[PDB]
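Residue-level structure breakdown
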Amino acid sequence: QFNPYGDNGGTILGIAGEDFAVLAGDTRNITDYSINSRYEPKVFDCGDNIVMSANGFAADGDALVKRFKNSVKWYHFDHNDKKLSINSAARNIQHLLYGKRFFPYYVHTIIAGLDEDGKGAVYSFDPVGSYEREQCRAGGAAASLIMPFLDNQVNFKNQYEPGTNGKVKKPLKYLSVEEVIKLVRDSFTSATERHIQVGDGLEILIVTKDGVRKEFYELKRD
Amino acid sequence: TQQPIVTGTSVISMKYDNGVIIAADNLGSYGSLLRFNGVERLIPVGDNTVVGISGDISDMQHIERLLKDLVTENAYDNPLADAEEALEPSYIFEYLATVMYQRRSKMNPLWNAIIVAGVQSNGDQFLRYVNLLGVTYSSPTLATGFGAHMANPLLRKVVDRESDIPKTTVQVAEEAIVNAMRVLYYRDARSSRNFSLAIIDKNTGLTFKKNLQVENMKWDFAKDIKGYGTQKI
Amino acid sequence: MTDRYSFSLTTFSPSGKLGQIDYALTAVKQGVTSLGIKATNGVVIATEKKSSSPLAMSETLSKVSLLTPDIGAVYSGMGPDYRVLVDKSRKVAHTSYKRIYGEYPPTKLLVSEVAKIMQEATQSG
Amino acid sequence: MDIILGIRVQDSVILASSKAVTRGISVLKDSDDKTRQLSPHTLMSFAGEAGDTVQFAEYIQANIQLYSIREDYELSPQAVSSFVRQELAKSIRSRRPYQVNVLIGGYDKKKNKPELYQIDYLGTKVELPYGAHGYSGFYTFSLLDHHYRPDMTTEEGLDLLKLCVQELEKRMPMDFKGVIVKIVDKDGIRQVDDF
Amino acid sequence: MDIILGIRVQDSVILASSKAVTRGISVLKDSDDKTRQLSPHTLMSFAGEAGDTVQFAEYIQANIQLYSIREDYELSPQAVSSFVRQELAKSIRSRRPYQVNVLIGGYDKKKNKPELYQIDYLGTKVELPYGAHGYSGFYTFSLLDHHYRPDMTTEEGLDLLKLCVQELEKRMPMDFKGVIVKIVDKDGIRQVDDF
Amino acid sequence: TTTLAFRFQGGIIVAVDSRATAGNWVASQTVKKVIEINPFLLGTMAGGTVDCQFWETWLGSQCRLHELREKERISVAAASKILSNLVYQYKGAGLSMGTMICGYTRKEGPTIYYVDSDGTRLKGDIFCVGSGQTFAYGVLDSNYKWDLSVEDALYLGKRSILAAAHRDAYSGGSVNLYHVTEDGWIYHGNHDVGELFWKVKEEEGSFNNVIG
Amino acid sequence: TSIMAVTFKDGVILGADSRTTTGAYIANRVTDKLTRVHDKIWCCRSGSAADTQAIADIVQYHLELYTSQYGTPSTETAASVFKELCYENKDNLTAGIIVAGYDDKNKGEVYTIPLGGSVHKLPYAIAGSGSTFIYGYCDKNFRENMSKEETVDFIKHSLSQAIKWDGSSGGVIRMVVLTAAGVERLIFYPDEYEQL
Amino acid sequence: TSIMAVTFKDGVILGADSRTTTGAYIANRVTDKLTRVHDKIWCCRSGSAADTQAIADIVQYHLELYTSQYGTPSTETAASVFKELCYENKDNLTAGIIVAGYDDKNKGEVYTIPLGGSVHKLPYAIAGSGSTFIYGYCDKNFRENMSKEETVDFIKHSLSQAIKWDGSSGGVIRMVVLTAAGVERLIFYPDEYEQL
Amino acid sequence: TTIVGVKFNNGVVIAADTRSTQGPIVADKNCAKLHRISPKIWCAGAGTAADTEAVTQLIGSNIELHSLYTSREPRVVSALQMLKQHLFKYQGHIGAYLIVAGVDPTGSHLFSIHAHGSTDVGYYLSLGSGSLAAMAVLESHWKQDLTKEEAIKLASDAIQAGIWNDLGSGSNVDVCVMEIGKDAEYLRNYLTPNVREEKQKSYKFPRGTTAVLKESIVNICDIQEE
Amino acid sequence: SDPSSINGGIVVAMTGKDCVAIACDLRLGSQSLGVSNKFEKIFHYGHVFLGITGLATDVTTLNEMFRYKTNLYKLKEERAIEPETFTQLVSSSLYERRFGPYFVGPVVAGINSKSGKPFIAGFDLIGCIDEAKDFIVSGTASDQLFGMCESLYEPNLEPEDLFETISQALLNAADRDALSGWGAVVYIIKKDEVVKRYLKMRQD
Ligand SMILES: [Mg+2]
Ligand SMILES: [Mg+2]
Ligand SMILES: [Mg+2]
């Protein structure tokens, strides 16, 4: 029997800052126990200061990203070059995904950017289009290895202030872009060690009011 | 949904400093039967692209005709059909990739793994993969089927990353490819000795080599091997 | 056929003596002298290689035997009985210990296992 | 849903229908009325798959109400039952059939006779003195066979119906949370609010 | 069978167990006691597959009674529960396992403490203040979590148990025909004949 | 999931948990299971999916078109039936949905409709939907009265979600409260279950089994 | 697998390819499928390697113990011991074995034992996946009482074709000659037989 | 079924057995598997009889209408029409067809179309269940530019072996010779070919 | 898993990677896959990890007893025969795929064993999920009359091909060299090309960060005197 | 259906400077239903500690079994069993049920009384030993524990620092697993003192 789906592995990570956002993802592409490419870009700049990644089955991922980019283009034509806000992009993506509700895009989609008040934003989608704005979201193969670490080190979960002994929580202080990138890199380094489908390279896209910037880092190739 | 009937095995390829090399044996298998020994599985499109195809041969022949039709269509009302508006590898690939994914989405795939190798207008090496699922990826070395498991490891010792491409000459790259084809002949039960090799260079253009053979094979050591454990005679 | 001797051949006499054990000890008494001495940093065991004939190669007959890498044994009495005990002692060190704990048994516990085999020949049918 | 009974006596038709609505592991409601008034003197109780039951019942109701307006005339219970049967008979060979069993209790004003029709989801119609759907008949029919008379009063019909419900409450494993009883006669449709 | 509850209060253990016995489509009995006295101060209620339940319960009973005679001594509830768990743990890897869940309510005369043990058919033992098997816990545990106190009297335990049974009677689809309640304390085992 | 909604003197209380799981994996602790259809209508999300999100925001579009055409607030009966008629068209296709459409109008008063992907549409006073519904039902049934205060009713809904969040493995995260009045719904905050549990345990004396 | 045994004037010759595949992967390209159960009684193995090895090892044991008591066994006796194992354990075995041997009294003999466990004495036998493609060729080209050189050419040409068409077969062509003179091993490489 | 088409000096010859079985029962022992789609373009049929007949009938229609408009079609054209049907309807067809024809410009040509719907131009082609047994024989014995008498002997000997080993094949050996001279039918009976 | 064996002039060498996995998760990043059957008979295992260890210990134990019984150093063929007959009895249910190598009075030997009980002889072999990557390297560079230094280089290069290209294999390269007339040298972590880079941050917590309910001393000691 | 994830639960073990730490959650459940918040998964036989995740009836059975075996070991050997020896015993015991296994994920932890060397080990259900230097994880949230441990862990932590690391590793892993939580216990083990701490965590 023909199986139209596949698993190209990979892992992605979106983190929303106070006035910035990052969307990171490893550059390894795989099938089963074989490596297809050590550098196959997964996170894309879609214009209008939005970055997107559709992780899972690469064919559906590429199709969705292509269709969303196309949606941004036609939004400009139809509405007098109006900038597509991140919240509007998110709703538009829901409809793209739910459009194939009964033959889904087999991907866990994440977009990142800035909201209309200039604050950092990350949106997270399941394969059939259920979505939510979030502060922190890892997706893909090593998502289960990364999220608990982020709950602890970003939201300071289970951490309390010494001396009080469980009475006072650690205060939720804001993280700088340099501080976030450290957590992103350590998440992927750790994920590379313990997950076979994660490695080769890490590509991070950082979104600010100034625009989209890229950063690449080597990962273990075994 | 179908099942492949007459099949072609590995297609292997790699980038080098001035272009790309691609190779594929001349066998059309019918299950375990090595039915057709004169099947060309590298199909050149113009003078700047070669599409290597593995998998179902009837679907390959269909793709072959689509490309032949693509060239015809590109020439229509196109005074620059042999110049600025000639077909690029990136155009040819994107077209196939669209078709492959559309077909999988109608649950009626072209049962193939395709590698489009070529050189662009600006001299850039083009090497990208697409298969029956519409999955695409690019890499300094690309291989289908058994090639992915045996050829890539060998080819990656030559070009392990992007920065190794300018350091690799056409003689070193062709040597690696020809060796990989020998390794596949040793170890792939659906391969043949006869194969075709194509080089697309930005300077010397398209060089298409037919009727090549795997040579310099090591078999002499077989005479010493006896039994399966305890047997001496 | 069948082993129809399913009853003890070693039994208590009126005086409370187990005859066959006493007679076994008499057979040990006739046997060639062997000894053992324990030092602070080692132990030594020794015996005489009583050659039955000068034509016989006494190197082939090993009275002192390795049981485990850290345990050795020597005997006095009937050689064949010793030989089979060494075979059983080597095996029991594996079956009832090494294959369970992943290490060789301590001296006292292997001795205990050997003793158990010899006791059973003193009570079994 | 679960239990729906019907009994035609001398001058009226009585329909009893359970109140329970169970969805999986929990009883979501214990006061559900599994019936619709098709016309002033025609009532239809129903039981079957979730959604289909009400969707069908309301669809029939709308069609009969449309006929009542167009012709300024009430269709006979027989005519309504034939219409309903045909819809179910059409339904069974559809892409997705209605999984609904119904009882149609009506009073024919022309003939001055009560009438009870039993129709299953296949479109199997039968006119009866007393009827049921599902496992309800297994428990009740032996009692009805014994006690039923065609010249029973409405008060006697209700007593015989109480005996049926008691037997169901005793021997059925499922708790159907009692029944809503409705009477159809020459004066129309009314509900017995204490049962 | 269906619902079995247990609650350990200050000075006693209370076991409630349904009375219904359904075999397929009919309720064959509405007064079934799903419990056995293992020793004077130890009671075991049980629920599971037909036949296996009673066969197991009586087998355990015989073994504990045998121990009581041999040693002229009553085993502690803990000791009995450990014995019972082992039998079920042995059972699960048998050719045909016992499909039986049990609650063991006992009063330890040495420690002067009530004890309630919950053991499923796999041999999963847990000592609890209150326990249940099957779907019983889904409805009742939220009420017990809210109201339960370790220093409750036996009369308060029964009131909390009535509230649990009422919730089961309201929201469960199956009619379990009420419960037989038994109390285990320093004076032994007795049945609450009105509930 | 655990979602409940009940009618009372002061209108409707809607309470939901916040957990979302994919198998044993907790995907999210911050999920919004109350859809804000419009300023006067609420819907709950139990069922497993986008299906409730997608089709209830769509419902909001239909309710808006209704009151544009009819120059009048849509009834809770009409709004709920638009949804039930829609999902009934998709019956068999595999939609997974269990929702309470909650509202408060002049002609109806406070009204709750349970809508289901099987096509079921039930009016009622108390509803509980999700994997932890049975736990929520226990607390509701034993403590519910029509003459509850808005303060006590809000607490009852909160406490009933907590009861489920504790026992049901697939429920938890945090509790979202809403109070539906005739002039519209009023949000009554997000309540972390972790903090709420210890707060309730101490103040109420409940959960004596648990060591705190 | 492509295996065959052919009787001729001076005795018998066993022939085989050397390819062993796990699916389409060639696990071993230099396999020795010609295996010795006695001095001048050999066999060609096809089917499950684990099974045919396990059988061959047991047969070798039986013929060793037979020789210790009753002297050299006949080729027929060897075939019977093979058959007894294959037939009685047919439900748990996937073995197609050709038994070939040389007596002085009986000279060259060939026995084939297919899946069922049946025995068939033949002038020559072919077996294995690749044998299907050479039934026509072998039938047309076989003659009785061939010379050693003719029989080697017959086997070499036959297995050459089997290898050419069967993907499961390949590598070197191994042969073992059984005559009064003794036991001679032969090997023929791809460059030799492919050009035939 | 055992079918083959062989090109030679003067043109091409198609050859086939005559056995059609339903399981182990021979439904027709005198089947004519050599079927005419045009004057000098014929085909050998294997697989589903209903399918191969339905295809052949449609092809004959297409080549008849082609001839009415554009004159005599090429053997390549005929093979393309066969392929188009077989490829586009591969999910609902079980057809293995060999197309053979004679032009004056191109002379004898042979095209094989296996299950997939692929086309393969060859000097000669073999197909059908019985073809498996003669891959070795045909490969060893085929030569290009044979005479008419040599090609008849090659086909006769080949199909003889296919029939001998394949239970699905049997009966008479039918042949059709396609040359500039015209169209000649040949038949060879069991008593003739069995003794070869 | 990637495991290889390579024959050379005066002996045989085996090698292996050091990654053991549970599905896509790496359980142990420095697993030891080279097992000792006897002092000069070593083997490498792939497949079900418990089965490979278990079956080598059992045969290794029986080999030791056999060596003591016969007063002879154990032979590779004895280990081979005992392994295959055991594995065949269980018909693949014991999922042990082994490359057995060693030296004995007969000479140097190299065999492979599959779970169903089949065995193969060779000068160079490879097993496991990275066997195709490893075999590609072996087929490209192997020759007759390799030296000890060439065989170690070849064997480790074959494992590397597995480490990098196969996802089932990774981390380090273990090697064991068994030369005739010499002690076998086990080279644990012969190569280490996969050390993790220093993290960007230290995640050491401030003491008293975790909330605690109860503390107590556990009594690990025995019942005390007096 | 899947035996190893009916009851749920987790165990994690870590090494520090002259100390080891082992920790577990307290949840026992019947799939979605929480049944007990006092089901401890760590046991000890002398100074050797054993954590066991998986099917609860087997957790109980194996504990009772290793108590049985280590007690007889002690009587015959006249000394308490060591972590290295016990690990081999656990492996042996599990593999003897090769074709009818206990559905468990055991974790050994302890300090060798003679050498003073910290030791931890883990097993699959069938007996394969995973002897790691850094840490061992087990249970329904093992993926989460791998992720936590891999980033949080650093070698040679002091006992009171190691406590914070292993506690935060367990807590945050259990909060991302539906079938783990409902309390937690952490053992800090030194050569001749052991401290047991119950952690305060969310009860959902
Ligand atoms: Mg929960
Ligand atoms: Mg071949
Ligand atoms: Mg077998």
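Examining the overall build of chain I
- Within chain I, the secondary structure is distributed over four helices and 13 strands.
- Expressed as lengths along the three principal axes of its C-alpha atoms, the size of chain I is roughly 65 × 55 × 35 Å.
- Within chain I, the proportion of its 226 residues that are buried is 57%.
- The long-range share in chain I, meaning contacts at least 24 apart out of those at least 6 apart in sequence, stands at 62%.
- In the structure as shown, chain I presents an accessible area of about 9200 Å², 48% of it carried by carbon and sulfur atoms.
- Charged side chains in chain I number 21 positive and 24 negative. The centres of these two groups are separated by 3 Å.

A look at the coordination of the magnesium ion (ligand 1)
- The protein atoms donating to the magnesium ion (ligand 1) are F:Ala165 (O), F:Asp168 (O), F:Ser171 (O) and J:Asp204 (O), with metal-donor distances spanning 2.1 to 2.7 Å. Residue F:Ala165 shares its accessibility class with F:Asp168, and that shared class is buried.

Description of empty space enclosed by the protein
All names here are of chain A.
- For the structure shown, the criterion picks out five cavities of 30 Å³ or more.
- The space that makes up the largest cavity amounts to roughly 170 Å³.
- As for the largest cavity, its lining consists of 17 residues, of which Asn29, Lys42, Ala54, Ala58 and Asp62 are closest to the centre.
- Elements with a minimum of two residues in the lining of the largest cavity: β6 (50-56) and α1 (58-78).
- In terms of residue count, α1 provides more of the lining of the largest cavity than any other element does, four residues in total.

Some words on the relation of the copies chain E and chain D
- By a simple turn and slide, chain E fits onto chain D: the slide is 0.1 Å along the axis, the RMSD is 0.0 Å, and the turn is 180°. Put plainly, the chains are arranged around a two-fold axis.
- Mapped onto chain D, 100% of the interface residues of chain E again fall at the interface, so both copies present the same surface.

A look at helix α1 (residues 56-77) of chain J
- End to end, α1(J) covers 31 Å across 22 residues, agreeing with the expected 32 Å (1.5 Å per residue, within 8%).
- Directly after α1(J), the chain includes J:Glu78, whose backbone phi takes a positive value near 60°.

Quick notes on the arrangement of the chains
- Separated throughout, chain F and chain G approach each other most closely at a C-alpha pair spaced 36 Å apart.
- These two, chain B and chain J, are apart from each other, with no contact and a minimum C-alpha gap of 28 Å.

Side note on the UniProt feature "active site" in chain I
Residue and element names in this part refer to chain I.
- This chain's UniProt record puts "active site" on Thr1.
- Its location among the elements puts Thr1 in the segment before β1 (3-8).
- Relative accessible area serves as the criterion here: at 19%, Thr1 is assigned to the buried category.
- Engagement of the side chain of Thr1 in a polar contact is seen with the side chain of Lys33, the distance being 2.9 Å.

Thoughts on the interface of chain I and chain J
- Contacts between the two partners involve 36 residues from chain I and, on the opposite side, 40 residues from chain J.
- Of all residues in chain I, I:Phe205, I:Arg207 and I:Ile220 bury the most surface against chain J, accounting for 20% of the area lost on that side.
- With its nearest N and O atoms 2.7 Å apart, the salt bridge here joins I:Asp51 to J:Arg98.
- Taken together, the elements giving at least two residues each to the side of chain I that touches chain J come down to β4 (25-28), α1 (49-70) and β13 (212-217) of chain I.
- Broken down by element, the side of chain I that touches chain J gets its largest block of residues, six residues, from β13(I).
- Classifying every residue of the side of chain I that touches chain J gives 17 nonpolar, nine polar and 10 charged.
- Examined bridge by bridge, β13(I) and strand β12 (residues 193-199) of chain J share five bridges and lie antiparallel to one another. Its bridge partner lying in β12(J), I:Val212 is registered against J:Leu199.

Focus: the sheet that holds strand β5 (residues 34-38) of chain G
Residue and element names in this part refer to chain G.
- Strands sit in the order β5-β6-β7-β8-β9 across an open sheet of five strands; the sheet is antiparallel. The sheet terminates laterally at β5 and β9 (120-122), the two strands that pair on one side only. Across this sheet, the average inter-strand angle for adjacent strands is 25°, counted without regard to direction.
- This element, helix α1 (residues 49-70), spans β5, β6 (41-47) and β7 (95-102) of the sheet and lies at about 25° to β5.

Quick look at the interface of chain E and chain D
- Taken together, the 17 residues of chain E in the interface contact 17 residues of chain D.
- Together chain E and chain D conceal approximately 1400 Å² of surface at their shared face, both sides included; 47% is due to carbon and sulfur atoms.
- Taken together, chain E and chain D are joined by two salt bridges.
- A salt bridge links E:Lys170 to D:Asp30; its shortest N-O distance comes to 3.6 Å.
- In this structure, the connection of chain E to chain D is made through 10 residue pairs in polar contact.

Some remarks on the pairing of strand β12 (residues 194-201) of chain B
Residues and elements named next belong to chain B.
- Counting buried positions over the eight residues of β12 gives seven, a clear majority of the element.
- Bridging between strand β3 (residues 19-25) and β12 involves seven bridges; their strand directions are antiparallel. When the bridges of β12 are listed, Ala23 appears paired with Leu197.
- Inspection of the sheet shows β12 paired to strand β13 (residues 205-213) by seven bridges, in the antiparallel sense.

Regarding the side chain of G:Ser131
All names here are of chain G.
- Inspection of the secondary structure puts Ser131 in the loop between β10 (124-127) and α3 (135-141).
- Relative accessible area serves as the criterion here: at 4%, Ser131 is assigned to the buried category.
- Dropping the residues within four chain positions of it, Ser131 is found in contact with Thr1, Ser2 and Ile126.

Considerations on the environment of D:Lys90
All names here are of chain D.
- Among the structural elements, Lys90 can be located in helix α2 (residues 77-92).
- For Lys90, a relative accessible area of 49% translates into the label partly exposed.
- Spatially, the C-alpha atoms of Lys90 and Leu122 are 8.8 Å apart, while their sequence positions differ by 32 residues.

Observations concerning the nonpolar core
- Within the largest apolar cluster, 80 residues are counted, with the highest numbers of intra-cluster contacts made by B:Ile12, B:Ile177, I:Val6, I:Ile37 and I:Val100.
- Once residues within four sequence positions are removed from consideration, B:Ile177 is found in contact with B:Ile12, B:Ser13, B:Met14, B:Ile21, B:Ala23, B:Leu155 and B:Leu197.
- If you look at the next biggest cluster of nonpolar residues, it comprises 64 residues, including A:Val184, F:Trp25, J:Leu157 and J:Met201.

What to know about the sheet that holds strand β7 (residues 104-111) of chain J
All names here are of chain J.
- Within the open sheet, the five strands sit side by side as β5-β6-β7-β8-β9. Their pairing is antiparallel. Every interior strand has two partners, whereas the edge strands, β5 (42-45) and β9 (129-130), have only one.
- Bridging between β7 and strand β8 (residues 118-123) involves five bridges; their strand directions are antiparallel. Paired with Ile111 across the strands is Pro118, a residue of β8.
- Its contacts with the sheet place helix α2 (residues 83-95) against β5, β6 (48-54), β7, β8 and β9, and it is angled at close to 165° to β7.

Observations concerning helix α1 (residues 52-71) of chain E
Residue and element names in this part refer to chain E.
- Its 20 residues give α1 an end-to-end C-alpha distance of 29 Å, which sits within 8% of 28 Å, the value for a rise of 1.5 Å per residue.
- Those residues of α1 that sit buried are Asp52, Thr53, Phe56, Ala57, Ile60, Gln61 and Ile64. Take α1 and look down its axis: the buried residues cluster within an arc of 155°, on one side only. Along α1, exposed side chains directed more than 90 degrees from the buried face belong to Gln55, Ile69 and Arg70.
- Those residues of α1 that are buried lie in contact with β5 (35-39), β6 (42-48), α2 (77-92) and β7 (100-108).
- Positive backbone phi, approximately 50°, marks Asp72, located one or two places after α1.

Section: unusual backbone geometry
- The phi angle at A:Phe156 is positive, at roughly 55°, despite the residue not being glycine.
- Structurally, the position occupied by A:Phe156 is in the loop between α3 (143-153) and α4 (177-194).
- The buried category is assigned to A:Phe156, whose relative accessible area is 10%.
- For J:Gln31, which is not a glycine, the phi torsion comes out positive at approximately 60°.
- Its location among the elements puts J:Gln31 in the loop between β3 (28-30) and β4 (33-36).
- Relative accessible area serves as the criterion here: at 46%, J:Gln31 is assigned to the partly exposed category.

Criteria and thresholds
Residues numbered from 1 in each chain as written, not as in the entry; some residues may be left out. Chains lettered and ligands numbered in written order. Part of a larger assembly, values for the part shown. Heavy atoms only, no water. Helix = DSSP H or I, 4+ residues; strand = E, 2+ residues; numbered from the N terminus. Buried < 20%, exposed > 50% of the residue type's maximum accessible area, 1.4 Å probe, protein only. Contact = heavy atoms within 4.5 Å. Areas by Shrake-Rupley, 256 points an atom, 1.4 Å probe, with all protein chains shown as cover. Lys, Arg positive; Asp, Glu negative; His and termini not counted. Charge placed at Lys NZ, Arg CZ, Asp CG, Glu CD. Donors = N, O, S within 2.8 Å, 3.2 Å for Na, K, Ca; no water. 1 Å grid on protein atoms, 1.4 Å probe; cavity = no way out; pocket = protein on both sides within 12 Å on 5 of 7 lines; lining within 4 Å. Points joined across faces, edges and corners; volume = space filled by probe spheres on them. Least-squares fit on C-alpha atoms. Expected span 1.5 Å × (residues − 1). UniProt positions renumbered as here; feature names shortened; annotations may be inferred. Polar contact = N/O pair within 3.5 Å; in protein donor to acceptor, adjacent residues only side chain to side chain. Buried area = accessible area lost by both parts, 1.4 Å probe. Salt bridge = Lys/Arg side-chain N within 4 Å of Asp/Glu carboxyl O. Nonpolar A, V, L, I, M, F, W, Y, C, P; charged D, E, K, R; others polar. Pairing = 2+ DSSP bridges. Axes fitted to C-alpha atoms, helices over the stretch in contact; angles between N-to-C directions. Core = buried A, V, L, I, M, F, W, Y, C linked by side-chain atoms within 4.5 Å. Arc of directions from axis to C-beta.

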